[PDB]
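Trainee:
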Amino acid sequence: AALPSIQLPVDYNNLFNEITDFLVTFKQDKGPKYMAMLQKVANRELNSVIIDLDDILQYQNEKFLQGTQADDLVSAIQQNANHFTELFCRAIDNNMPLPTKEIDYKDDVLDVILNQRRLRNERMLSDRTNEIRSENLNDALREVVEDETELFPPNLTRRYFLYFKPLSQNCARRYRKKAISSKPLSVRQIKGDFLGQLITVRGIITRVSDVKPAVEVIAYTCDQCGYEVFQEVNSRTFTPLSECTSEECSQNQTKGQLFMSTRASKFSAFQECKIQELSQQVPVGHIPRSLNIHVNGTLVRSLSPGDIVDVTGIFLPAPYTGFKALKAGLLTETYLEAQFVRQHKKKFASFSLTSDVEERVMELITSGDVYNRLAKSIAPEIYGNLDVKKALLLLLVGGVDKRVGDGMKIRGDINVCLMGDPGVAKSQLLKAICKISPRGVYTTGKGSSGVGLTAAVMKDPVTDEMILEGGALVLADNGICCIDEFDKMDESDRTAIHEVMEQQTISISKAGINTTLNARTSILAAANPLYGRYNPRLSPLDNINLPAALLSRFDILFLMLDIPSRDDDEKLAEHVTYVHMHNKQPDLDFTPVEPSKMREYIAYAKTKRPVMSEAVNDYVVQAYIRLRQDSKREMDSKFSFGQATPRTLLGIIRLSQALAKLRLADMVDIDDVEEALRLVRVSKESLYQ
Amino acid sequence: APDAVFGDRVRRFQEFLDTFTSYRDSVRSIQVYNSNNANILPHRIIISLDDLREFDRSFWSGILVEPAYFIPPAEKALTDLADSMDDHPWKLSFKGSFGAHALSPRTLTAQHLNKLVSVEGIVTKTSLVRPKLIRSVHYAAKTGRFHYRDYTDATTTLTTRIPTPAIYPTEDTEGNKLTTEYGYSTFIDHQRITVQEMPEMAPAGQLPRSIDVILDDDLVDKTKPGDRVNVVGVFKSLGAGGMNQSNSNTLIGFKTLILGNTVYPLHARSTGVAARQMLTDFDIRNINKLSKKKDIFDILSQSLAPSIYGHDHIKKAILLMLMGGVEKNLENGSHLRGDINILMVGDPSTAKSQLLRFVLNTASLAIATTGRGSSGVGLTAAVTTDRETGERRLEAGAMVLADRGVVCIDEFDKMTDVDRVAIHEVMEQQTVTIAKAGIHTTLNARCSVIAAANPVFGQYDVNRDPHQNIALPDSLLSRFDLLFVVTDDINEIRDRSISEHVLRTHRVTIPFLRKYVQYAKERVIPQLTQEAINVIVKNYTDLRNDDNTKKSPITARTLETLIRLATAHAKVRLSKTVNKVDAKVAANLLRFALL
DNA sequence: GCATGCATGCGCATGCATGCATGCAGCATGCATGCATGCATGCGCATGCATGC
DNA sequence: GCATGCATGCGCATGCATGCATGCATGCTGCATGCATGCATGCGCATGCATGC
Ligand SMILES: Nc1ncnc2c1ncn2[C@@H]1O[C@H](COP(=O)(O)OP(=O)(O)O)[C@@H](O)[C@H]1O
Ligand SMILES: Nc1ncnc2c1ncn2[C@@H]1O[C@H](COP(=O)(O)OP(=O)(O)O)[C@@H](O)[C@H]1O
Ligand SMILES: [Mg+2]
Ligand SMILES: [Mg+2]
Ligand SMILES: [Zn+2]
């Protein structure tokens with residue numbers, strides 16, 4: 003016959019019973062974990078349920094090792110993930126405890142509507158039972185009551201979202217399994233054999249769309265009968281209903297006109313993002329490809345452009361949308377439905393103290409010498425350059441931003457510029473700093489220009505609205521923007537950088553655009569002298585192509601010259617050639633700290649806001665007066681990159697604040713200002729040899 | 016129902032497989048590999100039309116002229132043999160001589176329809192690889208049963224069939240609802256490509272011709288746009304050319320295309336497809352033997368461009384660039400270069416372009432550029448385009464295509480600053496960064512460079528220092544590993560000798656050189672030794688602290704150049720470590736180039 | 001043996017299933033157009049770079 | 001160092017593939033009607049047999 007049947011080794015009643023047992027029994031190495066979660070959900074303090082597969086595997090192994098039988102729930106969820114969502118939902122709806130907190134005037138409207146619906150359900154059931162008993166015509181009575189009565193289905197009474205997260209490599213390796221769901225893949229490797237599975241992808245996010253409401257079930261009302269009609273929607277488009285379909289109106293002769301009611305309708309928060317391959321994944325001589333990710337529920341706003349992540353999701357098909365004339369059979373398009381997100385580098389804003397992080401931070405503090413230990417760990421493969429490394433670390437930490445009132449604003453971010461002879465490894469330091477920062481961006485001259493910086497006007501595919509896509513300067517907001525070949529740029533880019541360093545904004549007034557952007561970012565630039573090597577026979581301002589003011593606006597301006605010396609060349613050559621023989625640095629009495637711990641400590645330090653006392657203020661004013669007196673005579677001799685100005689004092693203050701923050705203190709001390717002045721002085725020793 | 020002709024043809028092809036016993040063991044080997052390694092190999096083999104020609108001329112002509120009647124029998128016979136040997152159906156591929164059936168898109172006409180052809184050309188545009196639904200699986204909640212359906216279309220079989228357009232089932236035979244099981248359904252990959260006439264064969268000034276090719280399953284992503292390709296398949300027509308119904312319009316005809324079964328990439332000059340040669344045991348023995356001699360470097364050097372007189376050190380440098388060093392990746396994410404670059408400044412009749420063209424002809428992957436020939440987006444791939452799906456994409460440039468290869472530039476001094484800044488990043492960081500409206504990416508550009516330049520005054524002058532004669536930025540020269548200066552001074556004996564040499568021409652072979660280079664670059668990766676460490680350290684110190692006037696500056700790039708040259712020489716030696724001799728050779732070459 | 005009344009077979013009208021076509025009027029459908037949208041193209045202007053004086 | 005031509009991105013005007021619906025005239029096909037034919041029956045009459053007589 004048409005539509006024959008087939009046999010599979012899959013029984014769903016067994017899996018439902020196993021799901022119930024796991025949901026009511028699991029113990030974390059206090060009552061059941063998920064029962065406590067469900068109680069918190071019932072009391073209206075939780076919106077999302079996360080199901081960890083490690084718990085399922087542990088439950089299975091616990092059942093096995095003591096003899097009894099058990100089914101492989103993990104693999105069933107992995108290979109057919111889209112079906113188990115509703116199984117888990119139905120199991121959970123059968124065990125949710127009653128709310129121990131009353132509903133008051135400070136709850137969400139959704140909760141009020143759900144509670145009203147449940148009360149209405151109970152009232153209808155009781156009315157039906159009373160009428161049936163009064164008829165005079178108890179399992180049978182409840183069964184007949186269930187048969188003749190409508191209700192609100194479970195999906196219209198839920199208030200939570202359910203997600204899965206994959207099997208970690210550690211658990212599978214300890215239990216001797218192969219965690220397929222958490223083996224990262226590139227978009228290239230994901231073929232049609234993986235459809236319907238729960239898989240993980242590694243990539244970098246390139247685009248994200250604004251959150252909008254996606255309708256799941258529409259609601260209508262009939263004034264004729266008083267029923268509520270619900271219309272499921274799972275397509276990109278739908279046809280609204282016209283006339284009532286309830287039993288009363290269906291059975292009568294005069295039907296009522298349905299009216300749409302947005303408040304009873306079921307909506308979802310929807311986003312769509314694009315993910316692109318990493319360079320190391322692309323084959324030789326090819327161009328990277330992309331992929332589509334769908335995000336729904338409470339997982340929205342968890343992805344921003346420029347993030348390198350590992351997304352988890354169920355790989356599902358979609359209808360074909362190409363040209364009609366090129367369709368050969370039942371072709372489909374693919375997308376990923378997101379279930380879990382992890383980042384390769386944690387943001388500072390999301391910081392939080394806890395036992396695990398606190399122990400590591402305390403160990404680092406106890407080890408002593410935090411300043412130099414952090415400074416020497418930046419690009420350890422580069423010999424020497426300790427002072428520039430201290431300045432770079434301070435740029436990583438930053439100062440304190442001050443709100444003066446009346447709308448005024450003082451920056452707290454520190455800008456640094458490196459300028460030296462060829463072959464001094466400026467680019468290596470630029471790239472290493474860009475890699476350490478959580479929101480770092482790297483640019484080189486002519487490659488990025490015009491709208492590559494700033495932003496441009498384009499149209500969203502998902503939504504039908506116009507938007508602005510940020511460039512290099514907007515992508516590194518609240519981060520570090522690294523610029524190579526600083527002296528070879530065009531005037532417009534120089535003006536944009538000028539404004540960004542000035543006041544952390546970019547103003548654009550062109551055809552179709554009149555707006556102001558936010559550019560709260562730090563600048564790290566590199567440049568070369570105008571004639572290749574530095575010429576000590578010329579004025580400092582004649583060796584560089586940049587305007588003097590632009591140089592003046594840098595807190596630290598480093599000069600790095602290459603004077604041959606038979607001694608230091610030996611050490612540099614030894615370091616480099618050792619680094620090439622092995623893969624590590626040669627020093628053995630010092631151990632470098634890995635990037636994650638540095639990021640953790642900087643995140644902890646960034647929460648401080650040290651204040652300035654009076655004696656330190658006296659010291660600062662005296663130092664400023666002395667330095668300003670000294671600088672004028674030097675600049676009159678045409679031997680200064682620039683005369684000292686109040687920006688120098690502001691830079692000293694910012695550097696002192698940064699050092700105080702590094703020390704994890706609420707007050708500033710004299711030694712911090714001493715170190716700041718020491719750095720600002722040593723910045724120019726190359727010019728006095 | 017069964018057909019007698021089909022069975023007779025199946026029996027004949029089984030006899031063919033019986034007489035020749037290479038394909039049987041090929042199938043056995045594929046099955047053995049797939050069993051042992053569980090990666091899974093596709094079930095396919097390749098047959099030679101020549102052997103079929105000696106065996107049965109009638110069957111040969113049938114496959115050539117009537118593939119729709121003779122090939123399915125052969126595939127069934129092969130599948131039967133495969134199923135009989137072992138403790151998906153199998154497919155076939157064709158090679159050998161196609162005779163008059165080897166054509167190009169221009170010379171493919173309506174008289175070749177329904178026959179097996181082999182076409183050559185250039186890939187112009189591919190398509191997105193999509194899945195195709197073949198079998199769906201469902202579930203009924205009220206009964207606990209699983210159902211399924213099969214789907215087919217006109218391009219999955221060579222012979223015409225009566226359509227059976229089955230619908231997608233949402234209900235049961237009794238009215239119950241159904242649930243889709245995406246994990247238990249089946250999907251197959253699908254792609255469509257376009258092939259055009261080669262730029263080096265099409266007539267000049269004339270618009271080109273092209274043909275579409277459809278691929279399925281295991282031949283889905285075997286080429287990229289811009290490749291030279293050879294596709295063997297069946298030239299077939301489909302549908303009705305406006306015949307069904309009235310369809311008053313008569314302009315359109317029958318839709319036609321090729322149902323491909325074999326795709327072969329071809330290597331050419333100045334293209335992105337690299338040359339590879341299969342290495343036999345005789346070749347390996349001879350190479351490993353020649354590795355043991357002491358003048359092996361000299362022999363390999365004198366073989367390069369033997370029609371040119373002298374320039375021995377430049378030949379050595381070109382060999383070193385061909386072999387190359389080793390690149391290093393640290394755990395933190397740092398990268399250390401391993402390529403070698405060469406520059407040549409010389410007089411206007413010194414055979415610079417001859418050596419450049421030799422390198423273009425002998426390197427497995429090389430692209431030829433000239434000073435003002437390519438500029439702007441033509442070098443870094445900085446051009447953007449977009450699909451008809453809406454998205455914007457990039458397309459490779461000269462240096463992006465030549466990743467892991469070499470690039471030849473002629474008239475180097477004729478470039479500008481806009482492209483010199485661009486090539487700085489390529490020559491040191493070996494990456495290309497693009498930031499345009501709607502694109503932010505980074506492309507790998509790990510390639511080596513060899514270039515030739517002219518002196519400022521037309522001829523090299525010894526009365527002035529090199530800075531006035533080269534006139535190129537110092538930062539740019541620092542990125543070139545070796546710089547050579549060649550001058551022609553009139554000398555009676557030298558002129559005589561070069562005269563008899565040029566007259567001789569006008570009245651180790653390269654393939655063995657290519658095999659040698661391929662094996663050396665693939666197999667051996669040496670390590671640094673303390674002896675070479677001391678030698679290189681001493682030489683770098685001496686060079687950095689000497690008063691001699693050089694042709695190029697001295698930095699840490701020179702130390703890294705010394706290491707790279709030593710490692711490349713060791714690579715030539717086939718040794719797994721660097722000795723003192725390799726370091727000394729590197730130092731000697733660097734000193735000769737500098738002084 | 002002789003005369004009558006009833007079954008019985010012959011002869012004549014008549015109704016009814018079968019099975020073919022034919023003019024016509026109704027009904028689903030292909031067709032001419034009516035139009036929206038998203039993409040590419042060619043067409044100048046503002047300008048950053050290279051060249052000559 | 002100053003003035004000039006050139007080629008490279010912004011700022012657009014404008015034509016053209018795709019894809020969907022809508023009034024209408026077209027062409028086909030079921031259908032009511034015309035009809036011929038061969039088989040079955042409802043029935044009356046002329047013959048032969050049975051029953052007295
Ligand atoms: N102090 C140093 N220590 C180690 N390596 C160095 C040092 N200085 C230069 N190098 C090497 O020389 C090269 C310099 O190139 P790059 O990083 O572009 O710097 P720059 O742009 O200043 O020349 C790098 O590959 C680096 O490995
Ligand atoms: N050293 C040499 N040995 C053999 N032939 C040479 C040599 N130098 C020049 N020639 C001849 O002179 C011509 C020089 O052409 P080309 O390679 O363009 O020189 P260049 O690029 O220096 O002008 C070649 O055709 C070559 O045959
Ligand atoms: Mg650099
Ligand atoms: Mg030449
Ligand atoms: Zn109603």
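As you go down the protein sequences, you meet chains F and B in turn. Note that the first sequence covers residues 3 to 31, 59 to 166, 178 to 729 in PDB author numbering. Note that the second sequence covers residues 16 to 53, 90 to 138, 151 to 570, 651 to 738 in PDB author numbering. A virtual CB, placed ideally from N, CA and C, is assigned to each residue, including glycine.
1) Quick one: does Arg435(B) have its CB under 7 Å from some CB of chain F?
2) Report the neighbours of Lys231(F) on chain B: residues whose CB is nearer than 7 Å to its CB, in chain order.
3) Please list, in chain order, the chain F residues whose beta carbon lies closer than 7 Å to that of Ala128(B).
4) Does any C-beta atom of chain F lie closer than 7 Å to the C-beta of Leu418(B)?
5) On the three-pair Cβ rule with 8 Å, is the stretch 139 to 158 of chain F touching the stretch 220 to 237 of chain F?
6) Grab the span of the beta strand (DSSP E) containing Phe421(B) for me, first residue to last.
7) With a Cβ-Cβ cutoff of 7 Å, do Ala429(B) and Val469(B) count as a contact?
8) Any heavy atom of ligand 2 closer than 6 Å to the CB of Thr425(B)?
9) Any beta carbon of chain B sitting closer than 7 Å to that of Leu5(F)?
10) With distance defined between alpha-carbon atoms, name the residue in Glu287(F), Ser275(F), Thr277(F) nearest to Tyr267(F).
11) Is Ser467(F) close to ligand 3? I mean its beta-carbon at under 6 Å from any heavy atom of the ligand.
12) Taking only the alpha-carbon atoms, compute the straight-line gap between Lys158(B) and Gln493(B) and give it to the nearest angstrom.
13) Of the choices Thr206(B), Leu385(B), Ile381(B), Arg255(B), whose alpha-carbon is the least far from that of residue 613(B)?
14) Does any C-beta atom of chain F lie closer than 7 Å to the C-beta of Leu301(B)?
15) Quickly, what does DSSP pair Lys379(B) with across the bridge? List them, please.
16) Could you tell me which residues DSSP pairs with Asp595(F) in its beta bridges?
17) Could you tell me the alpha carbon to alpha carbon distance between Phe355(F) and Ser104(F), rounded to whole angstroms?
18) I want to see whether chain B comes within less than 7 Å of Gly519(F), judged by CB atoms only; does it?
19) Around ligand 6, what residues have a beta-carbon under 7 Å from a heavy atom of it, in chain order?
20) Output the distance between the C-alpha atoms of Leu331(F) and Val351(F), rounded to the nearest integer angstrom.
21) Using the beta-carbon of each residue, find all residues closer than 7 Å to any heavy atom of ligand 2 and list them in chain order.
22) Tell me, please, which residues DSSP counts as bridged to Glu234(B).
23) When the cut-off is 7 Å and only beta carbons count, does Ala500(B) lie next to chain F?
24) Answer with buried or exposed for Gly296(F), where buried requires no fewer than 16 other C-beta atoms within 10 angstroms of its C-beta.
25) Fully enclosed by the stretch 171 to 214 of chain B, which beta strand (DSSP E) runs are 3 residues long or longer?
26) Are there any heavy atoms of ligand 1 lying less than 6 Å away from the beta-carbon of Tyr571(F), as far as the coordinates show?
27) Can the beta-carbon of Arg291(B) be found closer than 7 Å to that of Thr249(B)?
28) Answer with buried or exposed for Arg224(B), where buried requires no fewer than 16 other C-beta atoms within 10 angstroms of its C-beta.
29) Going by the CB atoms, is the gap between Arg146(F) and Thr197(F) shorter than 7 Å?
30) From what residue to what residue does the alpha helix (DSSP H) around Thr556(F) run?
31) Using a C-beta cutoff of 7 Å, does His210(B) count as contacting chain F?
32) Evaluate the contact criterion for the stretch 684 to 699 of chain F versus the stretch 659 to 674 of chain F: three or more CB pairs, one atom per stretch, below 8 Å.
33) Since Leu464(B) meets chain F, which of its residues come closer than 9 Å, beta carbon to beta carbon?
34) Using a Cβ-based criterion (distance less than 6 Å to any ligand heavy atom), does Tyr423(F) qualify as near ligand 1?
35) I'd like to confirm the pairing. Which residues does DSSP put opposite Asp473(B) in its beta bridges?
36) Is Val463(B) near ligand 1, going by C-beta to nearest heavy atom under 6 Å?
Mentor: Checking against the coordinates, here is how it stands:
1) Position 372 of the second sequence, counting from 1, holds the residue named residue 435(B). By this cut-off, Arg435(B) is not an interface position.
2) Position 191 of the first sequence, counted from the first residue, corresponds to residue 231(F). For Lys231(F), the C-beta contacts it makes with chain B under 7 Å involve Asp252, in order along the chain.
3) As a working note, residue 128(B) is residue 77 in the second sequence. Think of a sphere of 7 Å around the beta carbon of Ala128(B): no beta carbon from chain F falls inside it, the nearest being about 27 Å out.
4) Translated into positions along the second sequence, residue 418(B) becomes position 355. No - not a single Cβ of chain F is within 7 Å of the one on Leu418(B).
5) No, the stretch 139 to 158 of chain F is not in contact with the stretch 220 to 237 of chain F.
6) On the second sequence, position 358 is the one that residue 421(B) refers to. Run containing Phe421(B): none in the beta strand (DSSP E); it sits in the alpha helix (DSSP H), 415 to 425.
7) Within the second sequence, numbered from 1, the residue matching residue 429(B) stands at position 366. Within the second sequence, numbered from 1, the residue matching residue 469(B) stands at position 406. Yes, Cβ-Cβ distance for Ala429(B) and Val469(B) is below 7 Å.
8) Indexing the second sequence from 1 puts residue 425(B) at position 362. False, no ligand heavy atom lies under 6 Å from that Cβ.
9) Position 3 of the first sequence, counted from the start, is the residue given in the question as residue 5(F). Yes - at least one Cβ of chain B is within 7 Å of the one on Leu5(F).
10) Mapped onto the first sequence, residue 267(F) falls at position 227. Selected option, being the one with the closest Cα: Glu287(F).
11) Looking up residue 467(F) in the first sequence gives position 427. Checking every heavy atom of ligand 3 against the Cβ of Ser467(F), one is found closer than 6 Å.
12) Working through the second sequence from its first residue, we reach residue 158(B) at position 95. Working through the second sequence from its first residue, we reach residue 493(B) at position 430. One C-alpha to the other measures close to 40 Å.
13) Structure remark: chain B lacks residues between 570 and 651, so residue 613(B) is without coordinates.
14) Within the second sequence, numbered from 1, the residue matching residue 301(B) stands at position 238. For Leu301(B), the answer is no, since every Cβ of chain F falls outside 7 Å of its Cβ.
15) Locating residue 379(B) in the second sequence gives position 316, where the first residue counts as 1. According to DSSP, which records beta bridges pairwise, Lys379(B) is partnered with nothing at all.
16) Numbered from its first residue, the first sequence carries residue 595(F) at position 555. In the DSSP assignment, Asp595(F) is bridged to no other residue.
17) Counted from its first residue, the first sequence places residue 355(F) at position 315. Counted from its first residue, the first sequence places residue 104(F) at position 75. Each residue's Cα considered, the two are about 16 Å apart.
18) Within the first sequence, residue 519(F) is the residue found at index 479, counting from 1. No, its Cβ sits nowhere closer than 7 Å to a Cβ of chain B.
19) Absence of ligand 6 is noted for the structure shown, with ligand 1, ligand 2, ligand 3, ligand 4 and ligand 5 being the only ligands found.
20) Locating residue 331(F) in the first sequence gives position 291, where the first residue counts as 1. Locating residue 351(F) in the first sequence gives position 311, where the first residue counts as 1. So the alpha carbons of these two residues sit roughly 11 Å apart.
21) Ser370(B), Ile371(B), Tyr372(B), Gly373(B), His374(B), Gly409(B), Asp410(B), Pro411(B), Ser412(B), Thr413(B), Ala414(B), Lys415(B), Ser416(B), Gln417(B), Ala515(B), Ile561(B), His564(B), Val565(B)
22) Indexing the second sequence from 1 puts residue 234(B) at position 171. Partner(s): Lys240(B).
23) Here residue 500(B) refers to the residue found at position 437 when the second sequence is read from its first residue. With 7 Å as the cut-off, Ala500(B) counts as an interface residue toward chain F.
24) Here residue 296(F) corresponds to residue number 256 of the first sequence, with the count starting at 1. By the 10 Å Cβ count, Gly296(F) comes out buried.
25) 179 to 188, 193 to 202, 209 to 213
26) As a position in the first sequence, residue 571(F) is number 531, starting the count at 1. No.
27) For the purposes of this step, residue 291(B) is taken as residue 228 along the second sequence, with counting starting at 1. For the purposes of this step, residue 249(B) is taken as residue 186 along the second sequence, with counting starting at 1. Taking 7 Å as the Cβ cut-off, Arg291(B) and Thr249(B) do not qualify as a contacting pair.
28) The residue given as residue 224(B) occupies position 161 in the second sequence. Around the beta carbon of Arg224(B), a 10 Å sphere encloses fewer than 16 other beta carbons of the protein chains shown; the residue is thus reported as exposed.
29) The residue given as residue 197(F) occupies position 157 in the first sequence. The residue given as residue 146(F) occupies position 117 in the first sequence. It is a contact, given that the beta carbons lie within the stated cut-off.
30) Within the first sequence, numbered from 1, the residue matching residue 556(F) stands at position 516. Careful: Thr556(F) lies outside any alpha helix (DSSP H), inside the beta strand (DSSP E) at 553 to 558.
31) On the second sequence, residue 210(B) is found 147 positions in, with the first residue counted as 1. Yes, contact with chain F.
32) Taking 8 Å as the limit for Cβ pairs, the verdict is that the stretch 659 to 674 of chain F does touch the stretch 684 to 699 of chain F.
33) Taking the second sequence and counting its residues from 1, one reaches residue 464(B) at position 401. Result: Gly325.
34) In the first sequence, the residue the question calls residue 423(F) occupies position 383. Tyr423(F) Cβ: within cutoff of ligand 1.
35) If you number the second sequence from 1, residue 473(B) lands on position 410. In the DSSP output, where bridge partners are listed per residue, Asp473(B) has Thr433(B).
36) Sequence index remark: in the second sequence, residue 463(B) carries index 400 (1-based). Flag unset: Cβ of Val463(B) not near ligand 1.
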